[PDB]
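Here's a solo chain for you in structure tokens, the form deposited in one PDB entry.
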């Protein structure tokens, strides 16, 4: 009976705390290791890694290939980066949790730097959020910090990882807390709007892109702080419908003479009620329909082409038009332009970031010709310096947008 109990104990232990796919700790293992680390010392850092490319693999090539990639990333992650008291677990379907005790901020960065380099050799599309615990924090607090840091990494892909320290003065909220605050901001009309003009070299204004923000108790919140929570909760269409209503009100006032570019989140386009909503509202404001440009992220066209085409049809049937926002980020998978024929393409802002890389300049010219050959206006994005402005000039970009154009 000894052999029964001893081996039954290990199988029960692995059933309770081990995820069969990744062969790492499961979510319950992670919370146990997290709660014990906090109650004893709480000195160290915590990190979360999301493998969105594994999510894209699951429906594309089935789950046999998806499970194999989870195991591969798990095997590659765990055999590398071995330190004392290191907890590595699979806390959800597409994200991994990591606990690094007895490490200060600089030590976590080298571990986080080693994580990312550990995922470049193994598939060649991920996001890494890391937080350092420098105050006494509860377990829900660190998970909220971990989630907001992950949103920071996604919203700024030029960062290798998103870093937030537990002592930060920044407002950190959970997903449902962000949604409640946005609903509060929508209800009380706390929103403010900015209009950035996209101008040609001749001063002709193509359109003015609308940026949404809101303020509560003297604190200002921008869209990249809460948009991850709304899309994860399938509530971003509430936010987009409010912005579209407010923008159309301004056009109905006969004030703005030029077209306005409204950003649309991906989670809103995959909502069929939002696709019906656009047709119903655009038909009630046909006079201003020609002055509305809907800015659709490139991720929509390549990941949700059918939802996007339904949205694009509704937009154009009502006398409006649309463009692409992160144009060029998904290079070698950018043939959707030929099918969709957008009115414009707004370049990925990472093109103004790495001018010196010769391979970056080759991709930039190639996607520039493709749009113009089809008669599609190209727009450079987030241009800050005359150096960026002059370097983008060699790629025959028609109109420019950013702080240097004012």
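The term rigid core refers to the most C-alpha atoms you can superpose between the two forms while keeping them within 1.5 Å. Residue numbers count along the first chain shown, from 1.
In what follows, reference is made to the form deposited in another entry, a form of this protein that is not presented.
- With the rigid core aligned between this form and the one not shown, only one of 230, 300, 278, 98 has a CA shift of 2 Å or more: 98.
- Core-superposed comparison between this form and the one not shown: the Cα of residue 24 travels 2 Å or more.
- Once you line up the core between this form and the one not shown, the Cα of residue 162 ends up 2 Å or more from where it was.
- For residue 55, the Cα coordinates differ by 2 angstroms or more between this form and the one not shown after the core has been superposed.
- Between residue 341 and residue 57, the C-alpha separation grows by 3 Å or more in the other entry, relative to the conformation displayed.
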